[PDB]
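Next comes just one chain, in structure tokens: the form deposited in one PDB entry.
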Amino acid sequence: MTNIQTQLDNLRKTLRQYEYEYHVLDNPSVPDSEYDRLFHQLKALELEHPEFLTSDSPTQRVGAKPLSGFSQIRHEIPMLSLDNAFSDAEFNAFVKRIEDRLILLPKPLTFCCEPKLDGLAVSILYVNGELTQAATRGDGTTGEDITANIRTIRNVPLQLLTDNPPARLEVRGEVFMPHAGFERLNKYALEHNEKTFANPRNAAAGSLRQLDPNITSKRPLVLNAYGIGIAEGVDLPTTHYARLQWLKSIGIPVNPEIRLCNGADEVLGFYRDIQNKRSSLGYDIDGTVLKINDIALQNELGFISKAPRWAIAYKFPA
């Protein structure tokens, strides 16, 4: 044991806990300045004792060297798309269809109802708790390695917050750019004669194709997780909402607008409410994703070619 290694371990633990409170709980327990004083204390100490620098330390999100290109990554499990609906009658038809297909239709049919984030789909792999690779969706089968870029995002933990992480856990989510960051970015890019962006979706996509993680780091990106790919060495909860609460409880940001709703009429009220709030969310959404909450019911329904039969994106009208 040495005093330096204890100081480093303690700063790292304290800072990851603060990042979790600030980014995931939106309830920081200390001011930003206190977080930063400990952050740059860690960073100086690490630099003064480099033999103790760890690759997943909070001070190590940003590679010092622009990449020369991105490698391809074929996903171990494909990333499917979503069927979509455009009206209440069409949503209701999707539900009656499930109601008829199911062998046994449960008393409430519970949906997990989520906003449809409008950014870029990603897959982020944690091995024994440590972020080791990230990919874009690409075409659903093959995407690109954006590990270095995903590491920069402030609300993505470099290590899961749990003493028992799964052997492997792949988090699936949307990376997107809130409006305030989007407006500061376009103001900055105009005042410096760089590519202005049409909408937050495009700013996020273009920020994630940056080969220089130093640039990506200055892009105000956030993850929200909405699913799980690989999950080895853990017993995943047996409802989708519970899996998202579990992701949240181990350090992964999840959107706070998500609700459980029983039966189509309640789901429709969720849709109307989200559609109302849309104006004042501080970020763009495309509509809602309504998912059958029970995992056994989802497995029973399966996939059509390559969207779930158990979910649908009910989009908003123009």
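Rigid core here is just the name for the largest C-alpha set that superposes within 1.5 Å across the two forms. Counting begins at 1, following the sequence as shown. Residues that one form lacks are left out of the comparison.
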Checklist entry - In the PDB record, does 299-307 or 11-19 carry the higher mean Cα temperature factor? => result 299-307
Next on the checklist: Quick check on the record: does 283-291 or 260-268 carry the larger mean Cα temperature factor?
Outcome noted: 260-268
Checklist entry - From 62, 47, 30, 67, pick the one with the largest CA B-factor in the entry? => result 67
Checklist entry - Looking at 201, 101, 116, 137, which has the highest CA B-factor as recorded? => result 101
Checklist entry - Going by the entry, which third of its chain does the Cα temperature factor of residue 111 land in? => result middle
Next on the checklist: Quick check for you: using the entry's CA B-factors within this chain, is residue 83 in the lowest, middle or highest third?
Outcome noted: middle
Checklist entry - By the record's CA B-factor, is residue 191 among the lowest, middle or highest third of residues in the chain? => result highest
Item to check | Relative C-alpha B-factor of residue 218, binned into the chain's lowest, middle or highest third | outcome: middle
Checklist outcome for this item: Split the chain's modelled residues into thirds by Cα B-factor; residue 55 lands in the middle
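The form deposited in another entry exists for this protein as well; it is not shown, and the discussion that follows is about that form.
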Checklist entry - Aligning on the rigid core, do we see the C-alpha of residue 307 shift 2 angstroms or more between this form and the one not shown? => result yes
Next on the checklist: Having a change of 3 Å or more in the C-alpha distance between residue 244 and residue 306, I'd like to know whether it is closer or farther in the other entry than in the form here.
Outcome noted: farther
Checklist entry - Core fitted, what stretches of 3+ consecutive residues have C-alphas moving by 2 Å or more between this form and the one not shown? => result 306-318
